[PDB]
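Presented below is the structure to which this report refers.
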Amino acid sequence: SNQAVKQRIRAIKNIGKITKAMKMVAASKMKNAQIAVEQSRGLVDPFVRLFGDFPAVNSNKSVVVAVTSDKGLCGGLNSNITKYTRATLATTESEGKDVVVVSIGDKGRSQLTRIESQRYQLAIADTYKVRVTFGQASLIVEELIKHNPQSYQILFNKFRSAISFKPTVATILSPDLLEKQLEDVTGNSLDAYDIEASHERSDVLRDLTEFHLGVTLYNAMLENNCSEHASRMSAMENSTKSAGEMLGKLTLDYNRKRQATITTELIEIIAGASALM
Amino acid sequence: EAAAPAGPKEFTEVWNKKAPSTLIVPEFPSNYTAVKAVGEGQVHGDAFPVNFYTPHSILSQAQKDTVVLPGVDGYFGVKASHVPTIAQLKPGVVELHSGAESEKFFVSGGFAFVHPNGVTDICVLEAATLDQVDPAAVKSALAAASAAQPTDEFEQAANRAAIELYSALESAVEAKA
Amino acid sequence: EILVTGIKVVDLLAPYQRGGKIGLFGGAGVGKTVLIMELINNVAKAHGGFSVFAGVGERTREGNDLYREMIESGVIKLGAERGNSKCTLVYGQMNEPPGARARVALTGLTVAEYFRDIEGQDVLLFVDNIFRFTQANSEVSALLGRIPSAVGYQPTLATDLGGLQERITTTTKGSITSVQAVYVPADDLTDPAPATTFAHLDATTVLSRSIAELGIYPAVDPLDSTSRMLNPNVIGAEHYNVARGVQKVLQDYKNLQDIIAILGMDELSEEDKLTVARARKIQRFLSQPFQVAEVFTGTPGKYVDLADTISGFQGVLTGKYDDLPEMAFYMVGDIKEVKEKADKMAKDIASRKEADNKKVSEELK
Amino acid sequence: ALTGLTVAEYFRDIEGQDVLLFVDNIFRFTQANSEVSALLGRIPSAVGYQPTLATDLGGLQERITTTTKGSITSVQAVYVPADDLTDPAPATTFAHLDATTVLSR
Amino acid sequence: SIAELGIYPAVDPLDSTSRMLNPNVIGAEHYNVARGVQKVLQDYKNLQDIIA
Amino acid sequence: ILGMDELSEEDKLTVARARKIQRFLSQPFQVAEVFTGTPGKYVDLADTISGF
Amino acid sequence: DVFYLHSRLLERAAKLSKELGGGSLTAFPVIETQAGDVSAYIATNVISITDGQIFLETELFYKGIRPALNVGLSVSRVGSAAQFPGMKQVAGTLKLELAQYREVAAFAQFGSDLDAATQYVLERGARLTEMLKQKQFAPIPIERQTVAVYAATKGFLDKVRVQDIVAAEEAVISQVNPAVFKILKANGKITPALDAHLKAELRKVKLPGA
Amino acid sequence: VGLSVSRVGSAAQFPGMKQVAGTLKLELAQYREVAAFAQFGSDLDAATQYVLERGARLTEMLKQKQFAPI
Amino acid sequence: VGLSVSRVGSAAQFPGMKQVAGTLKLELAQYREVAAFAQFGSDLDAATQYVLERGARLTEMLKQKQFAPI
Amino acid sequence: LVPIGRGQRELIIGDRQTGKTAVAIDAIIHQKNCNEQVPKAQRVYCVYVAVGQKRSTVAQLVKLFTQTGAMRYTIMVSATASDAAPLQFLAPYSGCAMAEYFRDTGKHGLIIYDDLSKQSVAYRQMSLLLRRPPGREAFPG
Ligand SMILES: Nc1ncnc2c1ncn2[C@@H]1O[C@H](COP(=O)(O)OP(=O)(O)OP(=O)(O)O)[C@@H](O)[C@H]1O
Ligand SMILES: Nc1ncnc2c1ncn2[C@@H]1O[C@H](COP(=O)(O)OP(=O)(O)O)[C@@H](O)[C@H]1O
Ligand SMILES: [Mg+2]
Ligand SMILES: [Mg+2]
């Protein structure tokens, strides 16, 4: 009757307190994990300066990884890159080739094993519990070069700002399969570089492409972690707004029920007293 | 042969054919990089821009005139307009030069590119300068490394990397002028 | 026996008995006059007997509008051809004192009961605002020297309402199909005068204010309207299973109404987002344009057969129309018109670049 | 409150001044008139107030006006019971209020 | 709500009160362990919001 | 949640104006000068509109 | 008998027949609500008596939108046929566009995302909202309202900024020659002979700013 | 099922049903205290997933038609 | 502490207490504003941690056993 | 889950159209199915009291109980909505007195007071018109 609305008010009030605390928690996490995102942006520059950027390559095998989140109050991030994953994957699979879809974060294994299920071989999680390190991303890249595809698509949300998260695809051509072929311009463009390695160019390109996969995978999950924090900071602001709006309507409903309660109890007392007096 | 012109602007039209018009086109990492390799410039004299990178820290994006890198065929100096190279670095000391002033970082490996537009890029994984490393544990680490040698291939490759890095670090700590 | 009305939500979720009592519960502006006018438009034309409209405590402008529409449509003829008229109007509208509004339903019942008993006919009886009978009895009851019952009504609410409503009965010598609008006083279904009326009816059609505020018309609450005809042994198992599946999807969406509000749809499970999508499709698909609402809405009315309703809601339940958008289901007749509206909704976004319209050298034509 | 308003009305009508009239907690005026109405055996209105609520407030508030001789301006402290602005006493007081000065901590 | 958890007897561990819950009467071991049980149960009742 | 660092100057002229506006609403009263020392100020209407 | 109190009063507002003189009486009852509760007793009594409603929202009245007409809730189903034609020619499209304006109402980019293909419905519904704002004690003749909603609906004001549509409306009413007002008032509809001259006179108006 | 109580419990039902319905009364209670966490779906250790995947079977078992007693 | 008022206030208390409890009620109000953050694991910006430790010790300082006034 | 006993009062409570009459009816039908299987002393004689229901519902229930054969063991006490308030007030007592014959003669009875909240309403009307003072929701004390 009139106690259920008061306990629902007491529910939504500390739900709003919870989400107001969670917004500042995610905001402090976004502020602390911004400098690492700014530092890791440097090392992805020389590899796309050297190897270029060729997303629409015709390959035989491609490992596509979608870097999702771990906990799921982000509010429209892990489904937006699932949409972007299928949108960039239908673009680049019309050669009759095999495609391996991977997800980093266990909110992507819940969203990717029902839309592309039989092409889903690997699921990685818990990468944001302590922090994101380069040895962790190098091990993840080692399980990515367990199989040897001709491309590595990395789907992640680039932390452009605290408001805007542009989803970014990044591609890594494996060396002898696609990289030595996709650089030929009347000869080659890589032949301008004087290889100063121990063994031949076919091995220094192998080391360079594995290191480029590790570098952009580390930067991808770091950018996606910062976008997770900055999207949770906005989703919890929306939850405070909604649980203040719901609380404001439910307060008026409780006031109407309270006024009607005193009126009906008083009318009952007057109707009892008018039968006797 | 260049009969397949892949790229970011060629990806956009195939994405406008096969992916729907509900979503804006995804970004690419070449949209965030203002400096390329073949687009000429950046030298303008005797200096040339350096890019000393670790995965966790940007160590220098200033403009130096001499860069000393520890390549696997030995040390080599990079002056203003070097030949374009891709130099695999061994453990050694990278030395930056601004003139009278110098920065001497000891790196752990990695690569170093010189590009046809005169820019250079040093891509290491851990670059600790020489006051941050102690000379007491490098000899303890080499004595714990070069003595116990497993004949297994993975452990002996790790041991070869250990004795190479610790020997270069021992030869680098007392060779400060 | 079923009585098909051409309304999708009525024929699907709470079908009307052919000789039963029907209630249209409503909250002052939700559309129980538009619904009863559409039931007059759809049912009384296909009927073979006489209609008796009892206007109890409603607007006099509405009685004049119904009189002019029934003269124009030919079911009321004037002068010498008056014997070929098929409707009797009995009007006790809200300008009358509470003694007149308390007994004008009895006059409508008497005119209907003569056709049922003596004439042996099958009668239709539409009573607009049977609440006004109860309200008039509560108005006169304070001056008869009675102690009031609950919230302010007369002590004899249930027995007066019972003595009225038990005269409306399909007997062995004639049938009355009674459609009674019931008014809930302050959108309170727990008010004693509609709560007493709920036990007298075979099919309640509870119209809701929130469904009307969503723009859905007729604003029938699907999880509050019931009927005794929704039974698998009387309307067949296919229709019954479709109605129960639609009610299950709507109840599962109503269970998620608080998580979607305070968290958004992005935190729902993948199985529940499909439930929300199918429920937002079926709750636009329950809405329907009316032939009596076309004068102020502009869209032409849609009469929908029963098999089209079952065949449409089968397709939306099984998942055959996850391609089409949610607004393609809104205010359309059948499942064909959903596809023929999703065509027009995607011709039109391709009609952003069709031409530049200019009419030149025209001023001296 | 009628006593204080009469002392203000002499300054309005006879002196021809612009007098101020401060009513501390007009809700207590409403509550006292509700208690007087309840002691006289009258049936209470909605939530517990007097049936004469709008007219007992209006008998006070309509004498606070500007005339051709002078004006009475009134600053009334308003208490809101259970912080309900839709309670009958603040909702009936707010139909006469020409301004509102919120003082906050 | 305690009996809806299957716990019987469904005594509210917080809302139940006695005059004997006094360290001068039942002893400072019994009183302190009862106050500690009520403290940890009130702490869990405050955490039951953020758990859900 | 962010600070003065991420405020635009278009959203910092509003801060620098609103702070001195909410200062300028304050005013010393004549009836408080017997215990606050500073004298009271009577501000005209035209002076208020001009000064704001 | 508090329903009978208002039904006695409001049923006397009628339109009499031709054998009773043909006169009319139009009622405008005013009901005040508490906190926007229109499900109250007297509110729902007079709603179930009167023909339509004019819901004046308290949220739009403090956002400067005056008159604060709740366009989603306020209906009028008796004077819908008794509308000035020409205003019936444009205002149906106006109400349809304000209907599909309330499909993105206050979640343009406030909630999660912005489409930028439905930026047009937002930056047109804001123009149709600022068109209907109107200052107090200044009623407009209907022939000067249908021309203003013609300029707001046919697209003659989309390049005007939202801050100056209230000045653009009075500039349209001042700069268009007053013959079209007399023709639209006498003919009672925007004729096909009139919309060409109206689009002629609507493309030579000096909309300020922009 | 969380509000429908009877005073007798045992000693007033079928002795065959008494052996079987205790594992029903317990596992529906296991289903009800889990299903208030059905907004996230973390499926903790395949145990909170399993108890709802049995309790949904029990609630679907308990349904029956009308005018057809068993 | 948030719902307890004294209209006579600080004008009728101990002047030794008047200079020290004035900081106390402001610290407790700041602790009440941030009291939702207390049951969080990821530690905050260390300005709210300072008040969340300070007020949580100040609320322990206001405890008192029965029938032993100070 | 809610096992009944043979002398136990069990309240079926819910909102409108939530299946309370269905549970009571299926109980009566199951007593018909069990009465043709047990030896003459565990046989259960149902009594259905319809308080305040309309007469079409009672006629439909009589048609159901005759077309399934449950009317051989069932009595139906029917004070409908058209009846007076003391008739609906007194019909659960009439049904209980008719069902107490089987309880007092060694047999086993089953009594369903359908719409006891309508018998309370009829009692409220009957006592308010006798000018007895009203109480909670104007019910008698
Ligand atoms: N086990 C069941 N399976 C399917 N339908 C059922 C079942 N039980 C009840 N119903 C349906 O629910 C509707 C309401 O049934 P019932 O009359 O038993 O409820 P009620 O509470 O007695 O209704 P009222 O309150 O109007 O008397 C009926 O139309 C019936 O068909
Ligand atoms: N089927 C419908 N289509 C369009 N509008 C409707 C429909 N039903 C109701 N409405 C709107 O709701 C209002 C309901 O008025 P009315 O039919 O008199 O209901 P009530 O008698 O409950 O007040 C009408 O003004 C109408 O604009
Ligand atoms: Mg009506
Ligand atoms: Mg029943």
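Sequence lines, in order, name chains A, B, C, D, E, F, G, H, I and J.
Numbered by the numbering used here, the letters in the first sequence go through residues 5 to 281 in order.
Numbered by the numbering used here, the letters in the second sequence go through residues 229 to 405 in order.
Numbered by the numbering used here, the letters in the third sequence go through residues 543 to 907 in order.
Numbered by the numbering used here, the letters in the fourth sequence go through residues 8 to 112 in order.
Numbered by the numbering used here, the letters in the fifth sequence go through residues -18 to 33 in order.
Numbered by the numbering used here, the letters in the sixth sequence go through residues 56 to 107 in order.
Numbered by the numbering used here, the letters in the seventh sequence go through residues -2 to 207 in order.
Numbered by the numbering used here, the letters in the eighth sequence go through residues 26 to 95 in order.
Numbered by the numbering used here, the letters in the ninth sequence go through residues 26 to 95 in order.
Numbered by the numbering used here, the letters in the tenth sequence go through residues 18 to 158 in order.
Every residue, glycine too, gets a C-beta built ideally from N, C-alpha and C.
Asked, Found
"Have a look at residue 862 of chain C and residue 842 of chain C and give me their C-alpha separation to the nearest angstrom.", "27 Å"
"What's the gap between the Cα of residue 165 of chain A and the Cα of residue 84 of chain I?", "41 Å"
"Would DSSP call residue 21 of chain D helix, strand or coil?", "coil"
"Would you be able to state if there are at least three C-beta pairs under 8 Å between the stretch 649 to 669 of chain C and the stretch 238 to 249 of chain A?", "no"
"Listed from N- to C-terminal order along the chain, which residues in the stretch 209 to 242 of chain A have their beta-carbon within a distance smaller than 9 Å of any beta-carbon of chain L?", "Absent from the structure: chain L. Protein chains present are A, B, C, D, E, F, G, H, I and J."
"Using a Cβ-Cβ cut-off of less than 7 Å, list which residues of the stretch 17 to 38 of chain G approach chain A; keep chain order.", "32 and 34"
"Write down the C-beta distance between residue 665 of chain C and residue 591 of chain C rounded to the nearest angstrom, noting that I regard them as a contact closer than 8 Å.", "6 Å"
"In whole angstroms, what separates the C-alpha of residue -13 of chain E from that of residue 26 of chain H?", "12 Å"
"Between which two residues does the alpha helix (DSSP H) harbouring residue 62 of chain J extend?", "Looking at the DSSP string, residue 62 of chain J is not in any alpha helix (DSSP H); the run it does join, the beta strand (DSSP E), is 61 to 68."
"Taking C-beta pairs closer than 9 Å, name the residues in chain C that residue 64 of chain H reaches, listed in chain order.", "798, 801, 805, 809, 810, 811 and 814"
"If we count the other Cβ atoms within 10 Å of its Cβ and call it buried at 16 or more, is residue 350 of chain B buried or exposed?", "buried"
"Go ahead and pull the three-state DSSP assignment for residue 188 of chain A.", "coil"
"Alpha carbon to alpha carbon, what distance is there between residue 799 of chain C and residue 70 of chain J?", "35 Å"
"Using 8 Å for Cβ pairs, my map puts residue 743 of chain C next to residue 568 of chain C. What's the rounded Cβ distance?", "Actually they are not in contact, since the Cβ atoms of residue 743 of chain C and residue 568 of chain C sit about 14 Å apart, beyond 8 Å."
"Quick one: is the Cβ of residue 573 of chain C within less than 7 Å of any heavy atom of ligand 2?", "yes"
"Please determine whether the Cβ atom of residue 38 of chain J lies at a distance below 7 Å from any heavy atom of ligand 4.", "yes"
"Since residue 260 of chain A meets chain G, which of its residues come closer than 7 Å, beta carbon to beta carbon?", "34"
"Please find out if some non-hydrogen atom of ligand 3 comes closer than 7 Å to the beta-carbon of residue 73 of chain G.", "no"
"Just grab the DSSP bridge partners of residue 132 of chain A for me.", "Partner(s): none; residue 132 of chain A has no beta bridge."
"CB residue 62 of chain I to CB residue 77 of chain I, shorter than 8 Å?", "yes"
"To be precise: take each residue of the stretch 69 to 97 of chain D, compare its Cβ to all Cβ atoms of chain G, and keep it if any distance is under 8 Å. Which residues remain?", "92 and 93"
"Taking the straight line between their C-alpha atoms, what separation do you get for residue -5 of chain E and residue 16 of chain E?", "10 Å"
"Whose Cβ in chain C lies nearer than 8 Å to the Cβ of residue 14 of chain A?", "Near residue 14 of chain A there are no residues of chain C at all, since even the closest Cβ is about 15 Å away, more than 8 Å."
"How about residue 109 of chain J and residue 66 of chain J: are their beta carbons less than 8 Å apart?", "yes"
"Could you check if residue 22 of chain A is buried or exposed, using at least 16 other CB atoms within 10 Å of its CB as the buried criterion?", "buried"
"Assuming contact is defined by CB atoms lying nearer than 8 Å, are residue 50 of chain J and residue 90 of chain J in contact in what I supplied?", "no"
"Suppose you measure from the CA of residue 59 of chain I to the CA of residue 24 of chain A; what does that come to, to the nearest Å?", "10 Å"
"Is it true that the CB of residue 187 of chain G sits closer than 8 Å to the CB of residue 86 of chain G?", "yes"
"Could you give the distance in angstroms between the alpha-carbon of residue 137 of chain J and the alpha-carbon of residue 95 of chain J?", "16 Å"
"Give the DSSP-derived three-state secondary structure of residue 137 of chain A in the structure shown.", "coil"
"Would you mind giving the Cβ-Cβ distance between residue 262 of chain A and residue 6 of chain A, rounded to the nearest angstrom? I have them listed as a contact below 8 Å.", "7 Å"
"Compare the C-beta of residue 43 of chain A against all C-beta atoms of chain B and say whether one is closer than 8 Å.", "yes"
"How far does the beta strand (DSSP E) with residue 351 of chain B in it extend, from its first residue to its last?", "348 to 351"
"In the DSSP assignment, the alpha helix (DSSP H) including residue 563 of chain C goes from what residue to what residue?", "Element bounds for residue 563 of chain C: not the alpha helix (DSSP H) but the beta strand (DSSP E), 563 to 568."
"Got a sec? Which residues, its chain only, sit under 6 Å from residue 75 of chain J by beta carbon, not counting five neighbours each side?", "67 and 95"
"Does chain J have any CB closer than 8 Å to the CB of residue 270 of chain A?", "no"
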